[PDB]
Amino acid sequence: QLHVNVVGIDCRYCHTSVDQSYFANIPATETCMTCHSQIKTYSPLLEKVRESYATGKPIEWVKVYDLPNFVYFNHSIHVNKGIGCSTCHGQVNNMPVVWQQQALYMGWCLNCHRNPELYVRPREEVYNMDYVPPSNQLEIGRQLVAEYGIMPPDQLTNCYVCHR
Amino acid sequence: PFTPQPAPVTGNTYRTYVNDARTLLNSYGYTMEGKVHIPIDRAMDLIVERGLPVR
Amino acid sequence: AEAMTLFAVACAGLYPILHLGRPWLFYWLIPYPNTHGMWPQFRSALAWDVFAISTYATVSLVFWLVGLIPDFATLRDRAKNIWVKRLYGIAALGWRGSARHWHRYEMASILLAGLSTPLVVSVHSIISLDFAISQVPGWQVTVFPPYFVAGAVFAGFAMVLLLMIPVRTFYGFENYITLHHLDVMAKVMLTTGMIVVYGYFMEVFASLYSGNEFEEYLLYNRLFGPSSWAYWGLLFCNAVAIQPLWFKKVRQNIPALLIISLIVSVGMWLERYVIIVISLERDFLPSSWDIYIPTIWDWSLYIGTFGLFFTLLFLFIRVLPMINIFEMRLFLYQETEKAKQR
Amino acid sequence: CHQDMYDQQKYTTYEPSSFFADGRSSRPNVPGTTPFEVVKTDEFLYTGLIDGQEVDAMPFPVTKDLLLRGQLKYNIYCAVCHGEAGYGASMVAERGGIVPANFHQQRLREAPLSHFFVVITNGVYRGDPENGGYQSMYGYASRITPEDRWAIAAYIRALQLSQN
Amino acid sequence: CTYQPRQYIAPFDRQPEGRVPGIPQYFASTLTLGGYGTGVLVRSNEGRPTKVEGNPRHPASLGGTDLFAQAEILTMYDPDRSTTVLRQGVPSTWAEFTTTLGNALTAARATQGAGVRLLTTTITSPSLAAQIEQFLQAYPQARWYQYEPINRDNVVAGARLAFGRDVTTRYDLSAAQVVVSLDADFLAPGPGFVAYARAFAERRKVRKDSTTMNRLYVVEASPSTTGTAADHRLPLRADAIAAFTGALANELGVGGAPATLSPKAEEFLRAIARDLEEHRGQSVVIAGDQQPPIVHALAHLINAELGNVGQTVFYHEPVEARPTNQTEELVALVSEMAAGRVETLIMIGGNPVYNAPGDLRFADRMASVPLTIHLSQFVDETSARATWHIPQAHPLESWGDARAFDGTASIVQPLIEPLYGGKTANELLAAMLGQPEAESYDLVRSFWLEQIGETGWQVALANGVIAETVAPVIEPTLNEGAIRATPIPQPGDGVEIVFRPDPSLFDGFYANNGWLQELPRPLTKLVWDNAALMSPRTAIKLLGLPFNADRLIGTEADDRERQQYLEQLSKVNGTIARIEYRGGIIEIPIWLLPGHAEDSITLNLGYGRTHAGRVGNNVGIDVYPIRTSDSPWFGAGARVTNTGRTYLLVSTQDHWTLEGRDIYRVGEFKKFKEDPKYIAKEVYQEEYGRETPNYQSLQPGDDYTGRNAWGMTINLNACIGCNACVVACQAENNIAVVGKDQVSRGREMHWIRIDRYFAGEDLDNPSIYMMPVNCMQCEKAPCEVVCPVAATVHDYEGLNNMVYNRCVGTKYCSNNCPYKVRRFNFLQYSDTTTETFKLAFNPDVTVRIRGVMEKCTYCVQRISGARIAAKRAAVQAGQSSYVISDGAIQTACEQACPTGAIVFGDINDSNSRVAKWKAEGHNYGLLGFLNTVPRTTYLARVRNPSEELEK
Ligand SMILES: CCCCCCCCCCCCCCC(=O)OC(COC(=O)CCCCCCCCCCCC(C)C)COC(=O)CCCCCCCCCCCC(C)C
Ligand code: HEC
Ligand code: HEC
Ligand code: HEC
Ligand code: HEC
Ligand code: HEC
Ligand code: HEC
Ligand SMILES: CCCCCCCc1cc(O)c2ccccc2[n+]1[O-]
Ligand code: SF4
Ligand code: SF4
Ligand code: SF4
Ligand code: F3S
C-alpha cells in the first residue's frame, strides 16, 4: 500500500518477469536496497533487508498465492491477453499486508476460461490499478476476445492447458 | 475471515507528481528558463526524423 | 441367504477402495459437488459399478430389514430382559401384526422383489460390463452379462448350500430346511452351471469361428499357456463336477453336495482368474507380455475377507434368527390349507 | 487433507534448498559464460566504453517503436525517482534524501549516450577508501536488457529535446 | 488443518544479469564419451543443468545426442560423487594436498623427473595436452602413459601400418550407397556416432520421390544397432573377421589371403565383392575398433583402391593429442611399477584398477609405490586404493575443451558452480606446474586467447564450435608392402570370449547411473545386470541344455511353432556357466541372443564393481579380471561349463517374437519404387482379401479441420535402437528409476519403449526389428473411455490428457490400452529424500506420486510453452490468431534421436514434415481394427537387398 499508492513504484519494477515468463518475479534484496541504501537506514524493520545483501541469505517470504505444483499458471500469456492484476489478485496497491482475495479453485479458474468476456480488459489497462470495468462490459469483452483471438472454452478448458 | 479494510492514504502521493509531469509533457507551454515544450509523440518523432549518432 | 448377500457385498465393496491405489479418493467416482467442477465420466463401466454397488447394497439392506421387521417384533415379544426388549422394539417400530399393515407389507415386498430382480441382473450385468466394454480380446465378449448372471447364481448357491448344511445339521432346522430344499438348490446349481458351461462353449466357438489371431491366441493361451492350470482346473471344477448333479441320489446326498459346492467355489475363482488375468497377460502387442504371479499379500487379504464374512455371519446367527419366523408359519398355514383342499 | 503432489520434490523457481550454502535452489550466473547464440563481441552494445572514454553514439539507429519501448521502460524503472518528465521531482526524493539528477541541466544535456548507458548499467561512484563513500544511482544491469537500456537512453534524449 | 503448508519462497540477493526468472536458458557445452567431445545444448532452468539436448551447429552433434550424453544429468546428480579430498580415506584439504604435492615434486626435482609418471584417458583436449607438454618439458624424464579400456589403439596401429603415420579416418555416409562394416559398430555411441547415424538415416529415408537407398553389410559376433539397421548380416566369429577381410581383399584384387570359410560366408563375400566395383566413390568399408590393425590397414587399402578417398572416406590430422598404443603403455607402466622405478603416480579419470586387464595385477603393482594421486569424480576402486584422492568436477560444472571426431576443440562450458567443489584436470596440472589455487576458467581462457582471440573466444562460447580448429584433410601414402608383410592371424579353435562395451554402462563409468542401469539394453532388453550373451546353438552345444536348436529353422508354415520353440528356449537364461578363459573364472549367467555368432560369448564390460554408488553397487559380474592385455577384445579358448544355479536375469519384454501380427511392416526397395502402398496392400489382402480396410466405427470423434492437430511419425527404416530417445524422455519427464526387483515384478517405468522383435525365417539367426512404442494419443482412445473420473481425456489439439492430480488408480486405462504404454506408480517410485535427484527433476513436469498412472504426453511442456509463446507473439503483433511453426515444437525423443526417426509436427498443416511423412504410402498405424485412429503412425521398414545374396 505504501510502496504503490504512496511511493508509486510500478509493478514491473519488482515483478520484472510477469510479462515474459510464467513466474512473476519475487524481488531481490538488490532491488530493495536500490532505494533502501538511503531511505530509512539503521531501522529495525529494515534490519532483515540490511542483514541480507551482505551475506547470500535471502529473505524467506511466505507464498500467499500458492498453487499445488500440478497447476502450471502462466503470468505472461494472462497479462498479454488483457487480464489485469486487480481482477485476479485484488487491489494489491492498497494492501498493507498481502492477503489472498479468493481461493484459487479449479472451478474459479475455469469460470474465466469459459467466460473471459466478463473479465478481459484493454491490454493497456492491465498494470493500471485504477481501472474499473464499464457499465455494460459484455460487448467490449466480446470485442476484446475477438481482437486478441482468445480461444473457445473447449480449448481453454482442456486439461493440459493447466495440468501436466 | 472477512475481506480486510485498509486505512486510506491521508498524505501526499505519487499521483500529484505523475499528473503534474504528464500535464507538463503535453499541450506545449513554457518553462522557467527555456523556450518552449515539445510534447510526447512529437519530440520522439523529431528525434526519429533528425536521427542519432551511430558508432 | 440375504444376510450372506449383504455380508458378501460388504466384503466386495471394500475391494474397489482397497485396490484403488489412492484409496481415499473413492468419492471422486461418486457424483459429488466440488470446487473444481469435475464430474465422473459416466461412460466408463466403473461409474455404473459405483451406482450399481451402492444401489445393490442399499436395496438389499432395505429389503432385509423389511423382512426382519416382524421378526424383530417376534424377538421383542419373546425376549425376557427388559433392556433387550428395546433393542428389537425400536427395530420393529411397533409392527402389531395388523392385517391392514400386512396388505401394505405384502404389496411392498412384492414390489421390492419386482424391483430387486432387475436390480440384481443389472448389477451383475454391469460387473460383466467392466470387462465387456473394453477392447481386450478375452473381455470383448458379448455373452458376458447373462454369463456373469449365471456364474454369480452358480457360485451363490454353492456358498448357500455350503452354509445351509452346517446350519441345518447344527441347529434343529431339519423340519424347515429339508432334503427337498437341498434337492431344489442343487437343481438350480445344475441349471446355472449348465448355463455357464454354455458360456464356455460360446467363448470357445467365438475363438474357433473368428479368423481373428487374437481370439485364436486367447484360446491357445488358455489351453496351453503359462496359466493354463486355471483353465484346466476350471473345466474340471465346472464341467466334470456337475454331471453328478444330474443324478437324484447325488443331489440328495449331503457330503457329495458339500464337496460339489466347495469344488464349484474353487472353480468359479478359477473362472474369474481365467477371465481377468489370462486375458490381461497376453495382449495385442507381444512386447507387452508378462506373467501375473500373486504375492502373499493378496492371498492374505482374501483370507481376511473370508474372516470378515464369517465374522459378520457369526454375529448375524448370534443376534438374529437364521430363518424367517414369519412366512414359514405362513408356509405352515398354506400347507394346512393345501391339505384341507386335498 | 490430500497433500499428494501439492509440494513436490522438484525445485520450483525460487524454492529454498538446504543443499546449498546460501539456502536457495536458484543458482547465480557462472562468471564468464554466455547462453547459446547470444554473442558478446560488440563491446559498445554491452558497455559504453570503447577506448577508455565516452562515445556519444548508438549501436543501432533510433526507431519510433524503440523510443516507445524506451518510454515504457523509463516509466517502469526510472520514473519512480527521476520523475516522468525527468526533473528529479518524485515521492522517493520527497520522502527520503535521494535528490536525483535532472536530465535538463547542462551537464546531462551535453552528456554522451554512452555515459547514459554506463550510468544505467553501473551507476555512480562507489565507496571511496578515503573519507567514506556511498552509491546512490545503484545501477540497473540485472533488471534491464542492454537493448532496452539503450532505448531508455534514447528516451532520455527525447525528454531532453522535450524540455528544450 | 489448512489446505497447504506455509511454502516459503527464496528470491535472489543479487539478480543474475542475462536471466529472466522462469524462462529456461540454453548453454552450449561439450560432453565427452571416450575423450571425443560432442556439442550439447544443456538447459539451465534456474542456474542448474536439467536436460541435455543436441547442438545443431556442432559436427558430431547435429541437434541429436546419445544416451550417455542424455544421462550425464543424472551422472552429475549422482549422490555418491566425491565431495572432499581424501588423503587416506580421511577427509583432507586441497591446499594441504597442493603443499604435499609441491614438496613431493621439489623432492623429485633433485633428479630430472624419473620418479613422476602420469596415467590419463584418451585426451583430445588441446589446453590440457599443452599443459601435459609443459609438464613434460619441465620434467624430461616423466612420461604420459595414457590408457582407457574402450580405445582406438587398433585404429592407430592400423593407420601406422597402412600409411606410416597417424591419421584420423572420418567417413561421409551421405555420399555412400554401399556400407561394409567389418565388426564396425558405427551406429553405437563412439567417435562420430551422431553424424554417422544422421547421414546414414538421411540416405536411408525413402519417399515417393526417392530413387536411391544405401545398403549396409555387417559381419559381427555380437548383434548390435548396426546389425539391426543392416539389410544383410553375417554372424562370423570375432576372430574370423580378419580372414573375412583377407578373403574380401583377395577377391577384390588387392593383397590378401584367400581364406576358406563357410558357404554362407563366401556367398556374403561374393555379394559384397559384386556390390563393390560398381559404386566407385559411392561406397565405404568400415572396420571396428576391436578389429586388428591388419584389418584396419586392409580396409584402408580397399577404400584406397576402390576410389573412396576424398568421396566417402577422409584422412585428417590426428585429433586425440598424442596417438599411441594405450594398452602397450599400460603394460609398460605396470612393468615400471613391478620394477619399482615409479615414485609419483597421478591419474585423471579412467579408474585404472577396475579397468585394467587382470593379467597385469594393477592393485598389486600399485601397492608398491610410495604415493599416488587420483581424480575421477568418484571414490572409485582406484581412489579407495590410492592415497591423495581429489574430487573431479563434472563436465556440466567444469571449464575445459574437447575435440570432436573430426576436430572441433569445442569449449566445455559449465552451467553451475561445482556442488562439492573439486578440481578439473587443468586445475590439477596447474597445481602440478607450481601454480596452486588457479582457476580452470582462467587456464582455458589463457590457452584460447592469443590463439583464436578474444572475439573468437566470445563467438565460440556463444556458439559451440571454434571455426579454426577443424583437422585439415591430408593425403597419406599407403604402404602396400607393409600391409602385405603381415602375419594375418587366423581364428583360433575353441570357444572365444568377445569383450564388448556395454550399451548402457559403456565401460562401467555409468555404473551408478540409475537411468542407464534401469534402461533396457539393446538386443537383449536386460536391466541392472550382466550376462553371457550367446546364440541358442552355442548355449545348447556348451551347457548341454535339453533342446535341439535345429527346430528354429523353417518357414512361414511352421513359423508359429518355431516362435513357440524359441519361447521354450527362453527362461533358461540366467543359468550360471563357469567360464575358465585364461587362468580366470567369472561364473556369469547366460542369456540367449538369437542373432549371435556360433561358438562365441560376449561379456559386456563395465560390471562387477565394488566401489560404485548405492545405485549399481554390485550389479553384474566383473569381466576385467578375465580380460587380458594381449587380446583385449577377442578370445582363443574358453572352458564354458554349466554349473546349475539359475540366476534371476530381468528383461523388460519377456516375449521375443511377433506372433503373426501386423506391427513391424517390412518391404523392399524396388517394389516400393513401383508402388509405395504395396506393404499395406499385401497386409490387408492377406487379412481381409481387399487392398484397403473399410474400418467402420460407431463413434464420431472430433473434427480437427482448422486447428493445431499434433502427431508423431516414427520411421522404422531409420531406427537403430540406441535408447537415446528413452533416456531423453526419462530426463525430460522425470520418470522414476525403479529397482531390479520392481522390473522383475513387471513394473518398469518408461514412457517410450524400444521393442526388439527377432522376426525371421530362422530364429537361430533372425532379423532384428527395433521399434519405438510410445502413446499414440488415439483420437478415439480406449484408455479414455474406461476412466471412471475423466482423469484421461482428449484435447482440442488432439492429445490424450493423462492428469495425475485427477488419476485415482483403478488401473483400467492400462487394461484398455492396446499397446500397454501406460505405466503405474505401484509404490513410491520417485525419490523423495535425495536432494541431488530433487535438483535433477524437471521443474516444468510434475513428479508422480504412488498410485497414479503415467504415459507419453508428446512433451506437452514443450507443446504448451510453444502455444503460449505463439499466442503471446500473436497478441503482441496484433494478429488475433496464433500460428505455431513446424519446428516450433521439438519433443525430447525427436531432439535426441541421432537418426531423425521420430518427427513431431502438425497434422492439419499440409506443409509440415509430419503431414508430408503421413502422406507417404508406407505410413501406417498399429492395430487399426481397433478404431482408435492413432496419431503416432509408423513408416514401414523398406529394405534394400542385393540380387546376388537375397533376390
Ligand atoms: C435395458 C434396460 C431395461 C429396463 C428394465 C426395467 C425393468 C424394471 C422392472 C422392475 C420390477 C417392478 C415390477 C413390480 C411388480 O412386482 O409387479 C407386480 C404387479 O404389482 C404392481 O402393481 C406393480 C408395483 C409397482 C411397479 C412400479 C415400478 C417402478 C418403475 C421401475 C423403475 C425403473 C425405471 C427404469 C423406470 C407383479 O409383476 C411382477 O412381479 C413382474 C416382475 C418382472 C421382473 C422382471 C425380470 C427381468 C430381469 C431382466 C433384467 C434386465 C436388466 C437390463 C435390468
Ligand atoms: C489472475 C489470472 C492473475 C493475474 C492477472 C496475475 N497473477 Fe500473479 N498470481 C496468480 C496465481 C494463480 C499465482 C500462483 C502461481 C503459483 O505457482 O503459485 C500468482 C502468483 C503471483 C506471484 C508469486 C510468484 C509467482 O508465482 O509468480 C506474484 C509476485 C504475482 N502473482 C504477482 C502478479 C502481478 C504483479 C500481476 C500483474 C502484472 C500478476 N501476478 C498477474 C494469478 C494472477
Ligand atoms: C525505492 C523506490 C524503494 C524501493 C524499491 C522499496 N522501498 Fe521500501 N520504502 C521506500 C520509501 C520511500 C519508504 C517510505 C519512507 C517514509 O519515510 O515513509 C519505504 C518504506 C519501507 C519500509 C518501512 C520503513 C519505515 O517506515 O521506517 C520498509 C520496511 C520497506 N520500505 C521495505 C522495503 C523492501 C523490503 C523493499 C524491497 C521489496 C522495498 N521497501 C522497496 C522506498 C523503496
Ligand atoms: C517492489 C517494491 C514491489 C512492487 C512495486 C509490488 N510488489 Fe508485489 N510483491 C513484492 C514483494 C517483496 C512480495 C513478496 C512479499 C509479500 O508481501 O507477499 C510481493 C508479492 C506480491 C503478491 C503475493 C504473491 C505471493 O507471494 O503469493 C502479489 C499478489 C503481488 N506482489 C502483487 C503486486 C501487484 C499487483 C503490484 C502492483 C500494484 C505489486 N505487487 C507491486 C514487491 C513488490
Ligand atoms: C480469467 C481472469 C482467468 C483465470 C481465473 C485463469 N485464466 Fe488462464 N487464461 C486466461 C486467458 C484470457 C488466457 C488466454 C489464452 C487465449 O488463447 O486467449 C488463459 C490461458 C491460460 C494458459 C495458457 C495456455 C494456452 O493458452 O494454451 C494457462 C497455462 C493458464 N491460463 C493457466 C491458468 C491457470 C492454471 C489458472 C487457475 C489458477 C488460470 N489460468 C486462471 C484467463 C484466466
Ligand atoms: C486450469 C484453468 C485448470 C484446468 C483446465 C483444470 N484444472 Fe484441475 N486444477 C486447477 C486448479 C487451480 C486446481 C486447484 C484447486 C484448489 O482447490 O486448489 C486444480 C486441481 C485439480 C484437482 C484437485 C487435486 C487435489 O485436490 O489433489 C483435480 C482432481 C483436478 N484439478 C482435475 C482436473 C481435471 C481432470 C481437469 C481436466 C478436465 C482439470 N482439473 C482441469 C486448474 C485447472
Ligand atoms: C532512485 C532510486 C533512482 C532511480 C530509479 C534511478 N536513478 Fe539515476 N540517479 C539517482 C540518483 C540519486 C543519482 C545522482 C547520484 C549522485 O551521486 O549525485 C542518479 C544519477 C543518474 C544520472 C546522472 C549521473 C551523473 O550525473 O553522473 C542519470 C543520467 C541517471 N541517474 C539516469 C537514470 C536512469 C536512466 C534510470 C532508469 C534506469 C535511473 N537513473 C534510475 C537515483 C535513481
Ligand atoms: C460408494 C460405492 C463405490 C464402491 C464401488 C466402486 C466402483 C468400482 C471402482 C473401481 O475402481 C473398480 C475396478 C474394478 C472393478 C470394479 C470396480 N468398481 O466397481
Ligand atoms: S527413435 Fe530412439 S531408439 Fe530409434 S534411433 Fe531415435 S533415439 Fe535411437
Ligand atoms: S496409445 Fe494407449 S494411452 Fe495413448 S491414447 Fe491410445 S489407448 Fe490411450
Ligand atoms: S514425445 Fe516426449 S513424452 Fe512422448 S515419448 Fe517422446 S520424449 Fe517421452
Ligand atoms: S482407468 Fe482412470 S482413474 Fe487413473 S488409473 Fe487409469 S486414468
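Both backbone and side-chain heavy atoms feed into the values below; hydrogens, waters and symmetry mates do not. Counting starts at 1 for both ligands and their atoms, following the listed order. Each chain gets a letter, A, B and so on, in the order the sequences are listed, and its residues count up from 1.
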Residue pair E:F904 / E:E894: nearest heavy atoms and the distance that separates them: N-OE2, 3.1 Å

Over all atoms of both residues, closest heavy-atom pair of A:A24 and A:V18: CB-CG2, 3.7 Å

Of all the atoms in ligand 7, which lie at a distance below 4.0 Å from a heavy atom belonging to [X]?
| X | answer |
| --- | --- |
| D:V124 | 15 (C) |
| A:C35 | 2 (C) |
| D:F116 | 29 (C) |
| D:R107 | 23 (C), 24 (C), 25 (C), 26 (O), 27 (O) |
| D:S136 | 12 (C), 15 (C) |
| D:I120 | 35 (C), 38 (C) |
| D:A101 | 23 (C) |

Within the 6.0 Å centroid threshold, strictly below: A:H75 and A:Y22: no

A:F73 ring center within less than 6.0 Å of A:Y65 ring center: no

Nearest neighbour in protein (non-hydrogen) for [atom]:
| atom | answer |
| --- | --- |
| atom 36 (C) of ligand 5 | A:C109 SG, 3.1 Å |
| atom 5 (S) of ligand 9 | E:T899 OG1, 3.2 Å |
| atom 3 (S) of ligand 9 | E:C722 N, 3.4 Å |
| atom 6 (Fe) of ligand 9 | E:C897 SG, 2.3 Å |
| atom 28 (C) of ligand 5 | A:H78 NE2, 3.7 Å |

Residue-ligand contact A:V71/ligand 5, heavy atom below 4.0 Å: yes

Gap between atom CE of E:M771 and atom CZ of E:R941 - 0.5 Å precision: 12.0 Å

E:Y757 side chain reached by C:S287 side chain, heavy atoms, under 4.5 Å: yes

Atom 18 (O) of ligand 7 protein-contacted (non-hydrogen atom, under 4.0 angstrom): no

E:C719 near atom 8 (Fe) of ligand 9: N/O/S under 2.8 Å: no

Option whose closest heavy atom lies nearest to atom 13 (C) of ligand 5, chosen from A:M151, E:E797, A:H113: A:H113

Does any N or O of ligand 5 fall below 3.5 Å from an N or O anywhere on [X], backbone included?
| X | answer |
| --- | --- |
| A:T87 | no |
| A:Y72 | no |
| E:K871 | yes |

Structural part of [X] in contact with ligand 7, heavy atom criterion under 4.0 angstrom:
| X | result |
| --- | --- |
| D:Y74 | neither |
| D:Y125 | side chain |
| D:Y77 | backbone |
| D:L108 | side chain |
| D:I98 | both |

Whether E:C725 has an N, O or S atom under 2.8 Å from atom 2 (Fe) of ligand 9: yes

Minimum-distance N/O/S atom that D:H82 presents toward atom 8 (Fe) of ligand 7: NE2

Any [X] heavy atom less than 4.0 Å to ligand 7:
| X | value |
| --- | --- |
| D:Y138 | no |
| D:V80 | no |
| D:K73 | no |

Worked verdict on A:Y105 versus C:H36 for ring pair (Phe, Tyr, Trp, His ring centres under 6.0 Å): CA-CA 6 Å; A:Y105 291 139; C:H36 322 118; 8.0 Å; no

Salt bridge or not between [X] and [Y]? Use side-chain N to carboxylate O under 4.0 Å.
| X | Y | value |
| --- | --- | --- |
| D:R69 | D:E147 | no |
| E:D844 | A:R164 | yes |
| E:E797 | E:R867 | yes |

Stepwise ring pair (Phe, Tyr, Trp, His ring centres under 6.0 Å) test for D:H82 and D:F103: CA-CA 8 Å; D:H82 293 270; D:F103 306 122; 4.8 Å; yes

Under 2.8 Å: N/O/S of D:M137 next to atom 8 (Fe) of ligand 7: yes

E:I752 contact mode with ligand 9 (heavy-atom cut-off under 4.0 Å): neither

Sub-4.0 Å heavy-atom contact, E:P898 with ligand 9: yes

